[PDB]
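Chemist: Below is the structure I would like to discuss, written out as structure tokens.
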Protein chains: 2
Amino acid sequence: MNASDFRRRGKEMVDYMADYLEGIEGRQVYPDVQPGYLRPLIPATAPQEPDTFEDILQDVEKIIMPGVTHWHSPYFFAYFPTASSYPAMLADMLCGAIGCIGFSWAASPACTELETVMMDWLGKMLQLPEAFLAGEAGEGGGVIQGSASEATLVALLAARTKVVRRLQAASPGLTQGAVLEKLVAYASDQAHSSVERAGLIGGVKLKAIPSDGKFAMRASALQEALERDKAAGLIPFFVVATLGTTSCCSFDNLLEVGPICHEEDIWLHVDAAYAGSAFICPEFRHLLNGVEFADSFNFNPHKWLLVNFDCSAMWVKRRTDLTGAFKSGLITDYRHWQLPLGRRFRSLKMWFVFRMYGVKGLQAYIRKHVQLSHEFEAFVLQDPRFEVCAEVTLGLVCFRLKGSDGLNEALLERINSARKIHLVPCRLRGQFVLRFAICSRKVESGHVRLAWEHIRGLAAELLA
Amino acid sequence: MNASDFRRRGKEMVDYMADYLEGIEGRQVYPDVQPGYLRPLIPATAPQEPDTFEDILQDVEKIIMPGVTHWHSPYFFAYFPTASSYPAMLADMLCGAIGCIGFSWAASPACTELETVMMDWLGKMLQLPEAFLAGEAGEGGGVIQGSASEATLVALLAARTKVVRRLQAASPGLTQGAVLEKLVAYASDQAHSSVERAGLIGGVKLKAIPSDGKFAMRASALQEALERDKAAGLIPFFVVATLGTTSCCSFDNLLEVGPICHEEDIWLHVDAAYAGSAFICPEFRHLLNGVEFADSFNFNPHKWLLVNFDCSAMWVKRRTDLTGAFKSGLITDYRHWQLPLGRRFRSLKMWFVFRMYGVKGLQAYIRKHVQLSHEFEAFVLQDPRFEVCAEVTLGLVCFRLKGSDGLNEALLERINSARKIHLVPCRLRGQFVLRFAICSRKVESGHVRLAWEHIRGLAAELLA
Ligand SMILES: *Cc1c(COP(=O)(O)O)cnc(C)c1O
Ligand SMILES: *Cc1c(COP(=O)(O)O)cnc(C)c1O
């Protein structure tokens with residue numbers, strides 16, 4: 001079709017989007033569709049002749065929607081939030097229209113330059129040390145990665161390469177294969193699975209560092225592991241410290257870990273995928289104290305900062321430390337900052353979001369969510385039948401019906417079968433725990449109260 | 001903002017998109033902006049209070065656009081085409097509205113199931129062997145990757161893992177570090193750089209296979225390299241065969257390479273990033289004869305098949321051969337098929353495109369482009385002052401002004417400085433060559449004739 005048709009159709013799509021989001025509260029959050037349901041509802045072959053937009057759009061309602069899990073219903077309380085905001089959407093539309101591939105500066109200077117500048121804005125909102133800012137003459141800078149799992153993998157590969165170079169440039173005969181055999185990487189036992197994948201791909205060993213009572217990685221445990229391993233002939237080289245674990249949203253001790261990785265000369269990567277967004281708020285910024293020591297810091301604006309998915313923010317103090325694994329001031333070659341060669345004009349989304357919401361708007365959004373999270377915690381704290389399993393700092397609450405894991409597995413089964421709200425569990429020291437996460441952009445105190453009541457009702461029934 | 005505002009603003013954005021594309025022919029293809037131009041035209045900090053959509057949109061025209069390289073101007077004849085169609089755009093808008101993250105089947109069954117089905121449609125359009133189709137009981141299947149460079153890397157990692165396992169299943173007690181040291185991978189000397197990055201990340205050795213007169217990889221050269229290396233104690237394990245090299249769009253011999261990789265038991269990956277789209281046309285399908293032998297096949301619909309960037313299609317005959325590196329019929333866990341854990345509902349784009357254009361529409365688009373490419377070749381063939389450097393099969397023509405490399409470097413400099421059209425050169429056996437690639441969706445015979453005339457004029461001037 002041509003421009004004229006797109007004005008028509010494109011505008012129809014906008015109303016569709018608005019309708020879907022406007023009425024999302026009337027959607028059943030989790031689907032009843034069975035695995036493999038879709039293939040039989042669709043032809044076996046692409047059509048030879050065109051189909052009608054109208055026809056395709058109703059297929060969306062009648063066939064696709066039944067297999068959709070609505071992350072944006074205020075009743076979606078699973079995992080962590082995924083971002084979705086009108087400003088990013090508008091931006092995404094533009095990005096697609098300009099349709100450039102920023103694999104090189106010449107392919108579109110702006111695709112590259114807006115990114116560096118936006119990463120600096122965000123860097124400043126987080127109050128990161130100047131060492132991470134590109135500016136006009138800093139050895140550091142930031143880049144948009146596809147996801148936190150990729151950011152982590154990129155850091156590990158940069159670390160791996162850096163340690164192999166140092167070792168070979170000090171031991172002539174030395175082969176890389178030799179160095180890999182003894183390379184060890186560490187992460188909290190609460191670390192995300194993206195770390196294992198990273199070690200797996202990078203071809204190195206990964207060890208877990210037992211966490212403390214507050215589920216945090218401490219200097220003590222880390223040091224022990226290091227000594228134990230150096231003494232065994234191994235070579236520590238990478239450590240991922242997590243800020244806002246996926247289990248209970250706890251925080252590794254950065255002021256204790258940073259100094260250790262520094263003195264031991266270990267690449268320290270900080271994965272704050274979820275909690276990172278909160279650091280633009282003074283109240284929480286302390287949680288990030290210690291970045292000073294990090295070689296690379298990452299968090300997902302596509303989780304809790306309203307920038308629609310496909311937007312993870314990563315910073316490093318020495319651009320060449322990163323650039324070297326795939327080979328000041330202005331950056332022109334992002335292709336040495338990530339795994340793939342191509343990339344979209346993703347920074348448009350950050351720009352539209354940061355500009356259309358403003359810093360204050362963003363801070364409010366986060367606080368409202370943390371407020372809602374504490375309201376839920378209160379409910380649980382008020383009912384003697386339940387218990388709150390971990391300190392509640394941000395938008396996640398881990399609760400439990402006082403009793404056995406069997407009793408709790410049961411409550412969960414009854415909650416999901418009821419199809420009103422959607423929750424996910426996790427194990428916290430082997431114990432079965434239920435997670436309550438504030439997600440949707442449009443969640444209100446009302447949704448939480450109703451959600452709690454519904455859970456309390458089911459627990460009661462189950463208890464009789 | 002809320003749904004109401006988005007209907008307004010969102011519709012404005014649609015007209016903006018339509019205007020930009022509608023008037024793109026009046027845009028200067030390549031920018032005059034200097035590196036680093038943007039930072040000083042934007043504030044140093046994100047705004048505290050909201051900004052106006054109206055204000056943001058004019059900033060787009062006045063500040064972003066001057067730094068944009070217009071890939072969709074019919075006068076953009078660089079690299080290879082990047083896709084952009086209204087159907088994919090409409091689809092992308094929807095994808096963002098639904099906004100789910102398909103990291104697991106439960107996160108949204110449809111995000112996963114539509115993908116498998118679409119990959120089968122495309123698989124059939126290409127007339128791939130049934131072995132690659134998921135169907136209801138095939139060990140194979142296809143997945144959308146972020147790009148051809150990632151597809152290649154994924155294949156190599158799958159290969160690496162598979163050969164390390166076999167070698168230990170043979171000599172129980174064999175270390176991985178040991179096996180990597182001797183692992184060798186091959187690619188044509190015309191292969192894309194994504195292959196080197198892959199070998200670099202995977203930590204193995206990569207060797208180039210000298211190409212023939214038609215710049216193709218032949219059985220002879222490959223076999224020679226293999227023997228030479230096995231005999232030296234090395235272990236061949238991965239071979240990338242390219243269909244549509246970026247230099248002159250030549251084709252490795254798949255009927256010669258497949259059998260070799262089979263008997264030698266080497267993982268054979270086929271990178272047809274650009275040329276692959278043409279295979280939905282019977283006339284060209286022979287170029288793909290030999291996939292039968294491939295372990296993995298890949299091409300970019302986001303290049304020459306109108307599915308907006310962020311859409312590379314990859315197929316394998318044994319899903320577990322792929323799944324194993326990151327650990328029939330219906331597929332539920334795409335997370336073991338790619339590097340990252342998260343993913344967008346990208347298949348919506350393929351669906352909208354395939355349905356709104358229909359197979360015949362797609363075939364016409366490709367043929368029209370190949371027709372235009374041959375029209376250009378004709379022009380060059382008609383002028384005794386120039387020469388065509390390689391067989392012209394698809395949308396690319398490599399030409400040259402008869403003379404020295406210096407003379408040609410000069411023509412190129414004069415073409416880019418003129419700012420009418422945009423071309424890129426490359427070296428073909430050390431010789432400086434100019435590339436002419438049909439890209440934009442809206443290119444016509446008229447654009448090509450004017451482009452040729454303009455180049456002939458500049459060549460003439462220069463020749464005096
Ligand atoms: C959500 C999460 C991830 C995964 O992020 P993606 O961008 O989906 O890869 C990684 N680490 C932590 C701590 C997370 O909370
Ligand atoms: C364009 C191209 C690639 C790279 O594709 P992306 O998806 O941009 O990474 C790889 N191989 C060939 C032959 C190509 O033409």
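Identifiers in this document derive from the order of the structure tokens: chains are assigned A, B, ..., residues are numbered from 1 separately in each chain, and ligands are numbered from 1 in order of occurrence.
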Enumerate as an NGL selection string the residues within 10 Å of ligand 2, counting only C-alpha atoms and all ligand atoms.
Modeler: (:A and (101-103 or 339-343)) or (:B and (79-82 or 145-152 or 190-195 or 241-247 or 249-251 or 270-276 or 298-304 or 309-313))
Chemist: Might you pull out every residue within 12 Å of residue 221 of chain A, with only C-alpha atoms counted and same-chain residues fewer than 4 positions away left off, and present them as an MDAnalysis selection string?
Modeler: chainID A and resid 186:189 207:212 216:217 225:228 252:253 256:257 260
Chemist: So that I can see what lies close to residue 130 of chain B, please list as a list in words the residues with an atom at most 10 Å from it, counting only C-alpha atoms and leaving out residues fewer than 6 positions away in the same chain.
Modeler: residues 120, 123, 124, 138, 140, 141, 292 and 317 of chain B
Chemist: I need the chosen residues saved as a PDB file, in the first residue's frame, with N, CA, C and O atoms.
Modeler:
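Final output, out.pdb:
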ATOM      1  N   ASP B 120       6.952 -21.434   9.170  1.00  0.00           N
ATOM      2  CA  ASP B 120       6.580 -22.531   8.302  1.00  0.00           C
ATOM      3  C   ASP B 120       6.058 -21.935   7.001  1.00  0.00           C
ATOM      4  O   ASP B 120       6.404 -22.431   5.927  1.00  0.00           O
ATOM      5  N   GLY B 123       8.986 -20.851   5.263  1.00  0.00           N
ATOM      6  CA  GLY B 123       9.725 -22.045   4.885  1.00  0.00           C
ATOM      7  C   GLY B 123       9.161 -22.606   3.583  1.00  0.00           C
ATOM      8  O   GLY B 123       9.911 -22.933   2.657  1.00  0.00           O
ATOM      9  N   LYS B 124       7.833 -22.706   3.510  1.00  0.00           N
ATOM     10  CA  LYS B 124       7.176 -23.215   2.321  1.00  0.00           C
ATOM     11  C   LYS B 124       7.335 -22.290   1.119  1.00  0.00           C
ATOM     12  O   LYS B 124       7.540 -22.772   0.006  1.00  0.00           O
ATOM     13  N   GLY B 138       7.741 -32.632  13.203  1.00  0.00           N
ATOM     14  CA  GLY B 138       9.073 -32.534  12.619  1.00  0.00           C
ATOM     15  C   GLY B 138      10.091 -32.150  13.686  1.00  0.00           C
ATOM     16  O   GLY B 138       9.785 -31.346  14.559  1.00  0.00           O
ATOM     17  N   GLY B 140      12.560 -30.459  13.206  1.00  0.00           N
ATOM     18  CA  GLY B 140      13.072 -29.149  12.851  1.00  0.00           C
ATOM     19  C   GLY B 140      12.134 -27.998  13.170  1.00  0.00           C
ATOM     20  O   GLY B 140      11.155 -28.154  13.907  1.00  0.00           O
ATOM     21  N   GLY B 141      12.442 -26.836  12.608  1.00  0.00           N
ATOM     22  CA  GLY B 141      11.617 -25.666  12.843  1.00  0.00           C
ATOM     23  C   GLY B 141      12.395 -24.397  12.585  1.00  0.00           C
ATOM     24  O   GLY B 141      13.584 -24.442  12.307  1.00  0.00           O
ATOM     25  N   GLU B 292      19.370 -28.907   1.415  1.00  0.00           N
ATOM     26  CA  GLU B 292      19.123 -30.274   1.833  1.00  0.00           C
ATOM     27  C   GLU B 292      20.222 -30.696   2.833  1.00  0.00           C
ATOM     28  O   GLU B 292      19.944 -31.315   3.869  1.00  0.00           O
ATOM     29  N   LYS B 317      17.449 -28.362  11.077  1.00  0.00           N
ATOM     30  CA  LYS B 317      16.825 -29.658  10.872  1.00  0.00           C
ATOM     31  C   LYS B 317      16.613 -30.427  12.178  1.00  0.00           C
ATOM     32  O   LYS B 317      15.698 -31.254  12.279  1.00  0.00           O
TER      33      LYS B 317
END
Chemist: Restricting the calculation to only C-alpha atoms and all ligand atoms, which member of B:112, B:104, B:45, B:332 is positioned closest to ligand 1?
Modeler: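 Nearest to ligand 1: B:104.
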Chemist: Of the residues A:360, A:422, A:162, A:182, which is the one nearest to chain B, using only C-alpha atoms?
Modeler: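 The closest residue to chain B is A:360.
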Chemist: What are the DSSP helix (DSSP H, G or I) residues of segment 103-285 of chain A, as a ChimeraX atom specification?
Modeler: /A:109-125,130-132,148-168,176-182,194-202,219-231,254-263,275-280,282-285
Chemist: Which residues in segment 126-265 of chain B does DSSP call strand (DSSP E or B)? List them as JSON, numbers by chain.
Modeler: {"B": [141, 142, 143, 144, 145, 183, 184, 185, 186, 187, 188, 205, 206, 207, 208, 209, 235, 236, 237, 238, 239, 240, 241, 242, 243, 251]}
Chemist: Using only N, CA, C and O atoms, please write the residues we just selected to a file, as an mmCIF file, in the first residue's frame.
Modeler:
data_model
loop_
_atom_site.group_PDB
_atom_site.id
_atom_site.type_symbol
_atom_site.label_atom_id
_atom_site.label_comp_id
_atom_site.auth_asym_id
_atom_site.auth_seq_id
_atom_site.Cartn_x
_atom_site.Cartn_y
_atom_site.Cartn_z
ATOM 1 N N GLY B 141 12.442 -26.836 12.608
ATOM 2 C CA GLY B 141 11.617 -25.666 12.843
ATOM 3 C C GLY B 141 12.395 -24.397 12.585
ATOM 4 O O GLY B 141 13.584 -24.442 12.307
ATOM 5 N N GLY B 142 11.725 -23.262 12.671
ATOM 6 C CA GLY B 142 12.400 -22.003 12.448
ATOM 7 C C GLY B 142 12.174 -21.016 13.578
ATOM 8 O O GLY B 142 11.212 -21.124 14.338
ATOM 9 N N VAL B 143 13.072 -20.050 13.705
ATOM 10 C CA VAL B 143 12.927 -19.042 14.739
ATOM 11 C C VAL B 143 13.382 -17.694 14.212
ATOM 12 O O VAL B 143 14.234 -17.618 13.320
ATOM 13 N N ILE B 144 12.788 -16.633 14.742
ATOM 14 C CA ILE B 144 13.184 -15.295 14.359
ATOM 15 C C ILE B 144 14.382 -14.891 15.229
ATOM 16 O O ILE B 144 14.323 -14.980 16.438
ATOM 17 N N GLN B 145 15.467 -14.456 14.604
ATOM 18 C CA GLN B 145 16.650 -14.008 15.334
ATOM 19 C C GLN B 145 16.674 -12.488 15.158
ATOM 20 O O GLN B 145 15.966 -11.944 14.307
ATOM 21 N N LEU B 183 39.897 -26.400 17.277
ATOM 22 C CA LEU B 183 38.678 -26.160 16.503
ATOM 23 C C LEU B 183 38.891 -25.100 15.425
ATOM 24 O O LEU B 183 39.401 -24.010 15.709
ATOM 25 N N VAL B 184 38.514 -25.423 14.190
ATOM 26 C CA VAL B 184 38.671 -24.492 13.075
ATOM 27 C C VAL B 184 37.349 -24.349 12.348
ATOM 28 O O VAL B 184 36.613 -25.326 12.192
ATOM 29 N N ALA B 185 37.059 -23.131 11.901
ATOM 30 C CA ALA B 185 35.840 -22.844 11.160
ATOM 31 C C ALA B 185 36.217 -22.179 9.833
ATOM 32 O O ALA B 185 37.245 -21.507 9.724
ATOM 33 N N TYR B 186 35.376 -22.359 8.825
ATOM 34 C CA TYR B 186 35.650 -21.809 7.510
ATOM 35 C C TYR B 186 34.528 -20.951 6.913
ATOM 36 O O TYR B 186 33.355 -21.107 7.252
ATOM 37 N N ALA B 187 34.914 -20.057 6.003
ATOM 38 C CA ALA B 187 33.999 -19.171 5.296
ATOM 39 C C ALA B 187 34.711 -18.703 4.031
ATOM 40 O O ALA B 187 35.938 -18.719 3.975
ATOM 41 N N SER B 188 33.951 -18.311 3.011
ATOM 42 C CA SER B 188 34.539 -17.814 1.771
ATOM 43 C C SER B 188 35.345 -16.553 2.075
ATOM 44 O O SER B 188 35.127 -15.899 3.100
ATOM 45 N N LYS B 205 39.169 -20.763 15.887
ATOM 46 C CA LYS B 205 39.936 -20.249 14.764
ATOM 47 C C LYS B 205 39.069 -20.173 13.513
ATOM 48 O O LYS B 205 38.213 -21.020 13.303
ATOM 49 N N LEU B 206 39.285 -19.155 12.688
ATOM 50 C CA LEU B 206 38.535 -19.021 11.442
ATOM 51 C C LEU B 206 39.478 -18.886 10.231
ATOM 52 O O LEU B 206 40.396 -18.066 10.239
ATOM 53 N N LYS B 207 39.254 -19.695 9.197
ATOM 54 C CA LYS B 207 40.092 -19.631 8.002
ATOM 55 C C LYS B 207 39.259 -19.296 6.778
ATOM 56 O O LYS B 207 38.098 -19.692 6.674
ATOM 57 N N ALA B 208 39.851 -18.565 5.846
ATOM 58 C CA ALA B 208 39.136 -18.206 4.631
ATOM 59 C C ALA B 208 39.439 -19.217 3.559
ATOM 60 O O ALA B 208 40.548 -19.734 3.483
ATOM 61 N N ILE B 209 38.438 -19.500 2.742
ATOM 62 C CA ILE B 209 38.582 -20.440 1.655
ATOM 63 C C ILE B 209 38.645 -19.603 0.395
ATOM 64 O O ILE B 209 37.681 -18.934 0.043
ATOM 65 N N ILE B 235 40.850 -29.444 14.087
ATOM 66 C CA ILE B 235 39.547 -30.069 14.001
ATOM 67 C C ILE B 235 38.478 -29.175 13.374
ATOM 68 O O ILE B 235 37.891 -28.326 14.042
ATOM 69 N N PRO B 236 38.236 -29.334 12.064
ATOM 70 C CA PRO B 236 37.219 -28.544 11.362
ATOM 71 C C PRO B 236 35.864 -28.825 12.035
ATOM 72 O O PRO B 236 35.617 -29.951 12.463
ATOM 73 N N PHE B 237 34.982 -27.840 12.143
ATOM 74 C CA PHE B 237 33.713 -28.137 12.796
ATOM 75 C C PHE B 237 32.564 -27.272 12.343
ATOM 76 O O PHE B 237 31.400 -27.617 12.561
ATOM 77 N N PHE B 238 32.886 -26.160 11.696
ATOM 78 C CA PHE B 238 31.870 -25.211 11.250
ATOM 79 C C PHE B 238 32.244 -24.598 9.897
ATOM 80 O O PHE B 238 33.380 -24.186 9.682
ATOM 81 N N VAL B 239 31.282 -24.539 8.992
ATOM 82 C CA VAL B 239 31.500 -23.962 7.675
ATOM 83 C C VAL B 239 30.295 -23.086 7.308
ATOM 84 O O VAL B 239 29.126 -23.521 7.363
ATOM 85 N N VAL B 240 30.576 -21.838 6.959
ATOM 86 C CA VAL B 240 29.516 -20.940 6.561
ATOM 87 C C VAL B 240 29.634 -20.819 5.061
ATOM 88 O O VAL B 240 30.705 -20.516 4.537
ATOM 89 N N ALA B 241 28.540 -21.101 4.375
ATOM 90 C CA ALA B 241 28.491 -20.987 2.932
ATOM 91 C C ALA B 241 27.622 -19.754 2.714
ATOM 92 O O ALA B 241 26.568 -19.619 3.331
ATOM 93 N N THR B 242 28.072 -18.845 1.856
ATOM 94 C CA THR B 242 27.330 -17.618 1.604
ATOM 95 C C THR B 242 26.628 -17.586 0.260
ATOM 96 O O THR B 242 27.215 -17.941 -0.766
ATOM 97 N N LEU B 243 25.373 -17.152 0.284
ATOM 98 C CA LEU B 243 24.539 -17.021 -0.908
ATOM 99 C C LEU B 243 24.150 -15.541 -1.086
ATOM 100 O O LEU B 243 23.170 -15.062 -0.513
ATOM 101 N N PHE B 251 27.636 -16.429 -5.309
ATOM 102 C CA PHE B 251 27.079 -17.551 -4.550
ATOM 103 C C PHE B 251 27.982 -18.761 -4.359
ATOM 104 O O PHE B 251 28.422 -19.363 -5.336
#
Chemist: Any idea what the distance is between atom CA of residue 459 of chain B and atom CA of residue 377 of chain B?
Modeler: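 Pair atom CA of residue 459 of chain B / atom CA of residue 377 of chain B returns 16.2 Å.
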Chemist: Write out as an mmCIF file with N, CA and C atoms, in the first residue's frame which residues come within 8 Å of residue 68 of chain B when counting only C-alpha atoms, dropping same-chain ones fewer than 4 positions away.
Modeler:
data_model
loop_
_atom_site.group_PDB
_atom_site.id
_atom_site.type_symbol
_atom_site.label_atom_id
_atom_site.label_comp_id
_atom_site.auth_asym_id
_atom_site.auth_seq_id
_atom_site.Cartn_x
_atom_site.Cartn_y
_atom_site.Cartn_z
ATOM 1 N N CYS A 100 16.240 3.478 9.577
ATOM 2 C CA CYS A 100 17.666 3.385 9.279
ATOM 3 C C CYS A 100 18.282 2.263 10.114
ATOM 4 N N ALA A 107 25.809 5.402 8.384
ATOM 5 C CA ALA A 107 24.488 4.852 8.083
ATOM 6 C C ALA A 107 23.375 5.750 8.630
ATOM 7 N N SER A 108 23.746 6.693 9.496
ATOM 8 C CA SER A 108 22.834 7.670 10.117
ATOM 9 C C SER A 108 23.422 8.248 11.410
ATOM 10 N N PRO A 109 24.229 9.317 11.303
ATOM 11 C CA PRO A 109 24.851 9.943 12.478
ATOM 12 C C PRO A 109 23.940 10.091 13.710
ATOM 13 N N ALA A 110 22.706 10.519 13.479
ATOM 14 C CA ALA A 110 21.766 10.750 14.567
ATOM 15 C C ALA A 110 21.377 9.493 15.318
ATOM 16 N N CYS A 111 21.245 8.376 14.603
ATOM 17 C CA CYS A 111 20.883 7.127 15.249
ATOM 18 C C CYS A 111 21.935 6.861 16.327
ATOM 19 N N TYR B 30 22.419 11.519 1.717
ATOM 20 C CA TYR B 30 23.501 11.461 2.707
ATOM 21 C C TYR B 30 23.707 12.813 3.386
ATOM 22 N N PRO B 31 23.814 12.833 4.730
ATOM 23 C CA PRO B 31 23.995 14.049 5.543
ATOM 24 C C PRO B 31 25.340 14.758 5.471
ATOM 25 N N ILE B 64 17.090 16.176 14.337
ATOM 26 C CA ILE B 64 17.368 14.770 14.047
ATOM 27 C C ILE B 64 17.575 14.534 12.562
#
Chemist: Which residue is closest to chain B? Choose from A:390, A:178, A:137, A:428 and count only C-alpha atoms.
Modeler: A:178
Chemist: Need to verify the contact set: residue 92 of chain A, 7 Å, only C-alpha atoms, exclusion of same-chain residues closer than 4 positions in sequence. Can you return it as a PyMOL selection string?
Modeler: chain A and resi 88+96+349
Chemist: What's the separation between atom CA of residue 358 of chain A and atom CA of residue 13 of chain B, in Å to one decimal place?
Modeler: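 We find that atom CA of residue 358 of chain A and atom CA of residue 13 of chain B lie 20.2 Å from each other.
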Chemist: Out of B:173, B:129, B:403, B:202, which residue has the shortest atom-to-atom distance to chain A when counting only C-alpha atoms?
Modeler: B:202
Chemist: Counting only C-alpha atoms, what is within 10 Å of residue 449 of chain B, bar same-chain residues fewer than 6 positions away, as a VMD selection string?
Modeler: chain B and resid 372 375 to 376 379 455
Chemist: Excluding residue 373 of chain A and any residue of its chain fewer than 5 positions from it, enumerate the residues within 12 Å of it, using only C-alpha atoms, and give them as a ChimeraX atom specification.
Modeler: /A:77,366-368,378-380,391-399,435-439,443-445,447-449,452
Chemist: Those residues you just picked out, can you put them in a file as a short mmCIF file (atom, residue, chain, number, x, y, z; two decimals), in the first residue's frame with N, CA, C and O atoms?
Modeler:
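Now in result-v7.cif:
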data_model
loop_
_atom_site.label_atom_id
_atom_site.label_comp_id
_atom_site.auth_asym_id
_atom_site.auth_seq_id
_atom_site.Cartn_x
_atom_site.Cartn_y
_atom_site.Cartn_z
N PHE A 77 0.20 -9.33 38.16
CA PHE A 77 1.15 -9.12 39.26
C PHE A 77 2.30 -10.12 39.21
O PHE A 77 2.88 -10.47 40.24
N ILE A 366 7.44 5.86 39.71
CA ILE A 366 8.13 4.89 40.53
C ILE A 366 7.64 4.91 41.96
O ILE A 366 7.36 3.88 42.57
N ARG A 367 7.54 6.10 42.52
CA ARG A 367 7.11 6.19 43.89
C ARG A 367 5.70 5.67 44.10
O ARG A 367 5.44 4.98 45.08
N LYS A 368 4.80 5.96 43.17
CA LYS A 368 3.42 5.50 43.29
C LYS A 368 3.43 3.99 43.38
O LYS A 368 2.71 3.40 44.18
N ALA A 378 1.27 -4.11 53.78
CA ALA A 378 0.48 -3.78 54.96
C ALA A 378 -0.64 -4.81 55.12
O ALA A 378 -0.78 -5.41 56.19
N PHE A 379 -1.42 -5.01 54.07
CA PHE A 379 -2.50 -5.98 54.10
C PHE A 379 -2.00 -7.30 54.66
O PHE A 379 -2.57 -7.83 55.62
N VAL A 380 -0.93 -7.82 54.07
CA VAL A 380 -0.36 -9.08 54.52
C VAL A 380 0.10 -9.00 55.98
O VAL A 380 -0.06 -9.95 56.74
N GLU A 391 12.43 -8.33 53.22
CA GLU A 391 12.30 -6.89 53.33
C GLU A 391 11.69 -6.41 52.01
O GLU A 391 12.08 -6.89 50.94
N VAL A 392 10.73 -5.49 52.09
CA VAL A 392 10.07 -4.94 50.90
C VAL A 392 10.59 -3.53 50.58
O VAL A 392 10.12 -2.55 51.17
N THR A 393 11.52 -3.43 49.64
CA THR A 393 12.09 -2.13 49.29
C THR A 393 11.46 -1.42 48.10
O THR A 393 11.33 -0.20 48.11
N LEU A 394 11.09 -2.18 47.07
CA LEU A 394 10.51 -1.60 45.87
C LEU A 394 9.13 -2.18 45.54
O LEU A 394 8.31 -2.35 46.43
N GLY A 395 8.88 -2.50 44.27
CA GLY A 395 7.55 -2.98 43.89
C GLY A 395 7.17 -4.45 44.07
O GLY A 395 6.15 -4.91 43.55
N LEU A 396 7.98 -5.19 44.82
CA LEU A 396 7.73 -6.60 45.02
C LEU A 396 7.55 -7.01 46.48
O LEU A 396 8.30 -6.59 47.36
N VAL A 397 6.55 -7.86 46.71
CA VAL A 397 6.25 -8.38 48.03
C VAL A 397 6.18 -9.90 47.99
O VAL A 397 5.40 -10.46 47.24
N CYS A 398 7.01 -10.55 48.79
CA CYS A 398 7.01 -12.01 48.88
C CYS A 398 6.22 -12.37 50.14
O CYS A 398 6.65 -12.06 51.26
N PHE A 399 5.06 -12.99 49.97
CA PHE A 399 4.26 -13.38 51.12
C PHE A 399 4.04 -14.88 51.18
O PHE A 399 4.42 -15.64 50.29
N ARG A 435 4.72 -14.41 45.09
CA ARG A 435 5.22 -13.09 44.76
C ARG A 435 4.10 -12.18 44.30
O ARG A 435 3.23 -12.57 43.52
N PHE A 436 4.13 -10.95 44.79
CA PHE A 436 3.15 -9.97 44.38
C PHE A 436 3.95 -8.78 43.81
O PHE A 436 4.66 -8.09 44.54
N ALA A 437 3.82 -8.53 42.52
CA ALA A 437 4.56 -7.44 41.90
C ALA A 437 3.69 -6.36 41.24
O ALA A 437 2.81 -6.67 40.44
N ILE A 438 3.93 -5.10 41.59
CA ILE A 438 3.18 -4.02 40.97
C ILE A 438 3.77 -3.86 39.57
O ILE A 438 4.98 -3.62 39.44
N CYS A 439 2.93 -3.99 38.54
CA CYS A 439 3.39 -3.92 37.15
C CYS A 439 2.78 -2.85 36.26
O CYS A 439 3.44 -1.89 35.88
N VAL A 443 -2.08 0.91 37.51
CA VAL A 443 -2.50 0.27 38.76
C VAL A 443 -2.84 1.31 39.81
O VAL A 443 -2.15 2.32 39.95
N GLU A 444 -3.89 1.05 40.58
CA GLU A 444 -4.36 1.96 41.63
C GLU A 444 -4.54 1.24 42.96
O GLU A 444 -4.57 0.01 42.99
N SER A 445 -4.69 2.00 44.04
CA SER A 445 -4.88 1.38 45.35
C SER A 445 -6.07 0.44 45.32
O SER A 445 -6.08 -0.60 45.98
N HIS A 447 -7.16 -1.50 42.84
CA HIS A 447 -6.83 -2.80 42.29
C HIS A 447 -6.16 -3.68 43.34
O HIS A 447 -6.49 -4.87 43.47
N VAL A 448 -5.24 -3.10 44.10
CA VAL A 448 -4.52 -3.85 45.11
C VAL A 448 -5.47 -4.35 46.21
O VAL A 448 -5.45 -5.53 46.55
N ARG A 449 -6.30 -3.46 46.75
CA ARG A 449 -7.24 -3.89 47.81
C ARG A 449 -8.09 -5.07 47.32
O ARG A 449 -8.15 -6.11 47.98
N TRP A 452 -6.06 -8.17 47.12
CA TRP A 452 -5.77 -8.74 48.43
C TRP A 452 -6.97 -9.49 48.98
O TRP A 452 -6.87 -10.64 49.41
#
